[PDB]
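Each remark here refers to the structure printed beneath this line.
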Amino acid sequence: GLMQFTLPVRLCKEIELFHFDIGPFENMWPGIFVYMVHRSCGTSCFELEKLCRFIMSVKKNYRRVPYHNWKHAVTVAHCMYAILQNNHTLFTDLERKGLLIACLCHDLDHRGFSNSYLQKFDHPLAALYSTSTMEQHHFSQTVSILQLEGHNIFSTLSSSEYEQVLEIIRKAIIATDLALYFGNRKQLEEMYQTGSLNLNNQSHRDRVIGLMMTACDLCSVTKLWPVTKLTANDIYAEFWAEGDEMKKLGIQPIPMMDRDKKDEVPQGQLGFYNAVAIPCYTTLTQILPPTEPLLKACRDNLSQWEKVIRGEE
Ligand SMILES: O=C(Nc1cc(-c2ccccn2)nn1CCO)c1nc(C2CC2)ccc1Nc1cncnc1
Ligand SMILES: [Mg+2]
Ligand SMILES: [Zn+2]
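If you count the sequence shown from 1, you need to add 457 to reach the authors' numbering.
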């Protein structure tokens, strides 16, 4: 009860900033998460013993893939922490509980392959879940772990509160399907500009949490350039392996996934920043002004990719 988590000075200060990198010491990541839960939710939110057992079972169900791994889970959780801490009074008690857990669990049991590749492989999950295939699986894995003995971190919630939190988590995890992001942001853009955006309207809150989930999920493009540059290697390492597996099915992959077209990556990053990342953080900053540092960091990384093309690095 009186047992706080306390980080070294550099981490204690820098964890509050959006561009915080959780570092290469895997064994510090559970502690960093509990720290964030304690400050963002409270020391009373979860029974420490059940939370630690939950965290370690979640860790075990993330695979050793180059990008969609345990480090990504905790990285996405930290971006959500920074958003919640900079927007203190906008979110309910159940939302702060749900969203950190949603982020930690959002890529559970990811194999480093897109929904498209599962469909073309004819994977059993593509028959089980026709759209948002991996995201429905990630939610399924979250419920399974919550139901392990001693793992139910929501055990103190009423029946209706429990259903609400699991509904917040389901929608938040489904929203990480980038296919759903484009329409969600356009609707939030129209709602914001016509002045019809209303945070008392549950269907509006749902859309705003969806955009938050995309922002946290893409947050590797909001880090300092050396972090972003090296994380980009990890994501393309998955993309290129998926392209190899497309070639094994007799399908020429898209250039994004073709290791024979590495020269096209700088221009592919420009497209990604202009079409996905900058619009995301722009709409998020309009709705949640204190998230402006994510937009600034993203623009700085776009400028670095423009320098790579101009051969300045
Ligand atoms: O870069 C990403 N995507 C991309 C590459 C190309 C492309 C197109 C042509 C040629 C080369 N590349 N097009 N697109 C758009 C569709 O994903 C990317 N995607 C995702 C989520 C699966 C969507 C997450 C992070 C990403 N980047 C990243 C950069 N830095 C640090 N961490 C991550
Ligand atoms: Mg995902
Ligand atoms: Zn993710």
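A virtual CB, placed ideally from N, CA and C, is assigned to each residue, including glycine.
| Asked | Found |
| --- | --- |
| First and last residue of the uninterrupted alpha helix (DSSP H) at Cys562 | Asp550 to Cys562 |
| Between the CA atoms of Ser514 and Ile602 - distance to the nearest angstrom | 7 Å |
| When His563, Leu706 and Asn518 are compared against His580, the one with the closest alpha-carbon | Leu706 |
| Helix, strand or coil at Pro481 [DSSP, three-state] | coil |
| Check: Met713 C-beta below 7 Å from any heavy atom of ligand 2 | no |
| Burial state of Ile708, where buried means 16 or more other Cβ atoms lie within 10 Å | exposed |
| Contact under 8 Å by Cβ, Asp564 with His595 | yes |
| Rounded C-alpha distance that separates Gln621 from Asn526 | 28 Å |
| Residue of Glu699, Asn484 and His495 minimising C-alpha distance to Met460 | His495 |
| Helix, strand or coil at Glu506 according to DSSP, with G and I counted as helix | helix |
| Cβ-Cβ distance between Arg553 and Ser597 below 8 Å | no |
| Nearest-angstrom Cα separation, counted from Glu473 out to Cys560 | 17 Å |
| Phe639, DSSP secondary structure in three states | helix |
| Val531 CB to nearest heavy atom of ligand 1 below 7 Å | no |
| Three-state secondary structure assigned by DSSP to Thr588 | coil |
| Residue range of the alpha helix (DSSP H) that includes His608 | Note, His608: premise wrong, no alpha helix (DSSP H); not H, not E. |
| heavy atom of ligand 3 below 7 Å from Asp674 C-beta | yes |
| Reference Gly488, options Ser653, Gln593 and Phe462, closest by Cα | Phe462 |
| Proximity test, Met670 beta-carbon vs ligand 2 heavy atom, cut-off 7 Å | no |
| Close-in-space but distant-in-sequence residues of the same chain around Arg664 (CB under 8 Å, 5 per side omitted) | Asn641, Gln644, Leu645 and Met648 |
| Exposure of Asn572, with buried meaning 16 or more beta-carbon neighbours within 10 Å | buried |
| Reduced DSSP secondary structure (H/G/I, E/B, other) of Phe490 | helix |
| Own chain partners of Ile631 with C-beta closer than 6 Å, once the 5 adjacent residues on each side are dropped | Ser589 and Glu592 |
| Where the alpha helix (DSSP H) through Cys676 begins and ends | No alpha helix (DSSP H) holds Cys676; DSSP gives it neither H nor E. |
| Distance cut-off 7 Å: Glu702 Cβ against heavy atoms of ligand 1 | no |
| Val678 versus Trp486, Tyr738 and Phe639, residue with shortest Cα-Cα distance | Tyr738 |
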